[PDB]
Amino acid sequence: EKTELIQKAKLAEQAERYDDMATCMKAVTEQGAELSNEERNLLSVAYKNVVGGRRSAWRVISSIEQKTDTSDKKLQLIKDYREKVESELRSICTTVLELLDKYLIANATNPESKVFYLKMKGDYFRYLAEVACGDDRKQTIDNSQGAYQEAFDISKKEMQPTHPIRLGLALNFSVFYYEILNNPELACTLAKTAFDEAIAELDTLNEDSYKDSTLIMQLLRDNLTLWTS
């Protein structure tokens, strides 16, 4: 029964207890049945908030480290802490990715959820790439790229440019081009393409999904303005 688990997941969401939420959705996912759209959103929100605190913490600690004098006696404590945080982040991303490869992607039945999960794969492989080094960094960046590319093609073939999932995939994939590959022009072109194509057919968009698509598009042109500086 996923019903009680979903109930608890929503309670946790409103209570901002995202560990509990991620537990609930992990259990549901492991029951083996395909996830509905609300349930996919619950999974994504849960693990997004779990990993988020560690991404931000890691950013802070790393910033402090790289602005600390190398001869400082207090450097190794900073290092050790950053490495602990990084370890937790790796643990979480690995959990998500195992959930995707073992359950969700293997059993996804419609293009919407397949694109959703592939996008997620790219997102969390990207979260790993942000903190990886050496060959590990090469291969993790590669996996992220591949997930994003597959999801991108499928979205182009099976969805409208106004679909919130397609738009979000374009947003995050552009950010992958900017922060990871370091090609700001291509990231700008992804964002602008998605935005223009969305406005073109904004009239074929669902009233209920309107708020979501609008939100994403605003993030897209926000990114565009930023990067163009």
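Here, rigid core means the biggest group of C-alpha atoms that superpose within 1.5 Å across both forms. Residue numbers run from 1 along the displayed sequence.
Note on 166-174 and 196-204: with rigid core alignment, C-alpha atoms in 6 other deposited structures of this protein sit farther from this form for 196-204. Notably, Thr70 is an intermittent gap: at least a third of the other compared entries of this protein, restricted to those modelling both its neighbours, have no coordinates for it.
In this entry, the higher average B-factor at the C-alpha atoms falls on 203-211, of the pair 203-211 and 217-225. Higher mean CA B-factor, judged across 131-139 and 147-155 from the recorded values: 131-139. Among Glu88, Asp80, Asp123, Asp101, the highest C-alpha B-factor in the deposited entry belongs to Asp80. Per the PDB entry, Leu35 shows the highest C-alpha temperature factor of the residues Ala27, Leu167, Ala57, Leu35. Compared with the other modelled residues of the chain, the Cα B-factor recorded for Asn183 ranks in the middle third. Among the modelled residues of its chain, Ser44 has a C-alpha B-factor that falls in the lowest third according to the deposited record.
The deposited CA B-factor of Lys192 belongs to the lowest third of values across its chain. Per the deposited record, the Cα B-factor of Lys74 falls in the highest third when ranked against the other modelled residues of its chain.
Remark: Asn107 belongs to the highest third of its chain, ranked by C-alpha B-factor as recorded.
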